[PDB]
Structures are given as C-alpha cells and as structure tokens.
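Just one chain follows, in the form deposited in one PDB entry, and it is written as structure tokens.
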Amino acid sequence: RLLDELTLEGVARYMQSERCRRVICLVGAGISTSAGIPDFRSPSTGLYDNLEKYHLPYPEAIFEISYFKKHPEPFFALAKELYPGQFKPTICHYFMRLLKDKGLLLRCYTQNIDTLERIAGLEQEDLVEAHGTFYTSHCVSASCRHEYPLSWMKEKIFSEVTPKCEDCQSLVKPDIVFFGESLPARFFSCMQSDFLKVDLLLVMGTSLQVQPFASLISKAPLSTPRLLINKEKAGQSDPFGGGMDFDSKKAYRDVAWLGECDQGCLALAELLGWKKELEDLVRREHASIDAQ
C-alpha cells in the first residue's frame, strides 16, 4: 500500500515522497463555515424557517430554475439576506493556495458558491464548481447571454433592483446551478480526466451526501490514498463501490481526521514543514482584507 500508516502522519510522509505529485481537493461547506458562511444543504439549516416570509409555494422553490424565471424576487431578496459580510478565505483555503504554489494541486472540486477559492488565488482552470458560482452571472436569453461580474450583481442585489440585462432586458442569473439545470460539460470532462491522474484525494468539509460529490470518491484508482478532514466521519457506504474504509480490518488507504477544517489543515501543514509559511500567508491576507 502507498501509506505506511493510516494517520495524518502517514499521509504527510506520503505527500513528501516522490510518489505524490497530483493532489485533488474535494471541498464543501465545511471549509467556509469558519468564514461565517452557513451550509444551506445541512439537515439543521435555518433556511426554510427564514424563507417563510417569502410566501413560496413550497420551500424548495427557492432553488428551482422554473420558479426563479417566473418569480425571481424571493431569490434576490434571499441573496441580499445571505450575502457574505466579508470575503476572507479560511486557513483551509490558503492551504490549498500553498498546494497550488508548490505545484501539487491538480484540481479543487468545490460544492461552494462563495468564490472564496478564487479570492485565495486558485484560478479558473484549477477549479471545478460542482454547484456553480456567484463569481459571474449571465443574461438568461439564449440569443444574448451577456456576462456580468460579481460587482455588478452585488450592486443590483443590495439596491433591491431585480437584475436585468443592459442589452435585452432579460433576467440576469448568477452562474449557480439551480434545480432543473444541468451540470456544465466541463464537470464531466474534468472528472473523466483528473481521476486517472490523482495521487492523493483531500476531502475537506463535505459529507459527500449530495450529487455530484456523492459520485466522486469511487472514481479514484484503488491505490490512491484518501484523507478526510471533517468534523465527522463521512463517505462510508450506507449499510444497505469505492466507499471510505477507515476502520475495517481491511482498511489500507483511507484516513479520517476529525475536527474543524482549519485545524486539520494547520496540523497537516505543520507536519509538512509549512506551518510558518501558512501562518504568514494567512495573517498577511487577512490583515489586507480586514483593511478593505
């Protein structure tokens, strides 16, 4: 097996061997909760309680493309309510920036729409946004599709003006994937290529319960180590394949580190000799963002 032991220490030794060249990060809402962004897919989300005042036909309508296109106002009111107070990536985000800097990051697949990976410096081709992103928006008319930056969309959101295209006056929609919309072809193109190449899967802040993330860890080669950094264990197959095997007698490649993603990334960085680099980077970038 590739790991000499099923611990964070074994993963760190593997990462600094010649065998570990290409790391894929799979990240979810748990890497942004310390940035103050709540997980609306969580079983305990307060979202639906807070949706009551929009008198929706049913709560899930907030996520549905057909409802959006006929009644966009609840979505844009909610977007104002939930707009992040700061755009300050976490220790975990900057750990991924170090992976990029050091030439180890093949790809970051993210469930998050908050753009924090981009603020931390991951570039477009580094990222696969499994549920889309607020980073860009597009006019919804097929013959127009004018693109708008987040600054434009933010101004419309905060002024409570439903965003309309300047060229054709159709609705302008953030590039997040509503229910009823398809994943872009790029998700499948990347998945089909990346998981032939991956030497290490870093799974952070995701329960792997929602598609398409629920399909991803089975795509890795059988030998590829998989490290979960999460408040709780996740990814084991339901008792009723390629699911996580942390604890059986046959476990050989999967490691669970249980805690906040920031703490787990700090601990891994420390084992790698990167703790000073990560602390200096985060303190500098956070001070600068607090200044904005």
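Between two forms, the rigid core is defined as the largest C-alpha subset superposing within 1.5 Å. One rule holds for the numbers: they count along the sequence shown, beginning at 1. Shifts are known only where both forms have a C-alpha.
Heads up, the form deposited with a partner chain bound isn't pictured, but that's what we're talking about next.
Among heavy atoms of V177, some come within 4.5 Å of the partner chain in the bound PDB entry.
At a distance threshold of 4.5 angstroms between non-hydrogen atoms, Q209 is in contact with the partner chain in the bound PDB entry. Interface membership of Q169, defined by any non-hydrogen atom within 4.5 Å of the partner chain in the bound PDB entry, is ruled out. Not displayed here, the partner chain is approached by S182 to within 4.5 Å at the level of heavy atoms in the bound PDB entry. The partner is not drawn, yet in the bound PDB entry one stretch among 160-168, 210-218, 143-151, 88-96 has residues with heavy atoms inside 4.5 Å of the partner chain: 210-218. In the overlay on the core between this form and the one not shown, a shift of 2 Å or more in CA position is seen for a single residue of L216, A120, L99, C165, which is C165.
With the core superposed, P59 shows a C-alpha displacement of at least 2 Å between this form and the one not shown. Comparing the forms between this form and the one not shown, the C-alpha position of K156 differs by 2 angstroms or more, with the core used for superposition. Shown in the overlay between this form and the one not shown, fitted on the rigid core, is a CA shift at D49 of 2 Å or greater.
In the bound PDB entry, the Cα atoms of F188 and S42 sit 3 Å or more farther from each other than they do here. Core-superposed comparison between this form and the one not shown places the runs of three or more consecutive residues whose CA atoms all shift by 2 angstroms or more at 40-81, 135-174, 178-181, 290-292, listed in sequence order.
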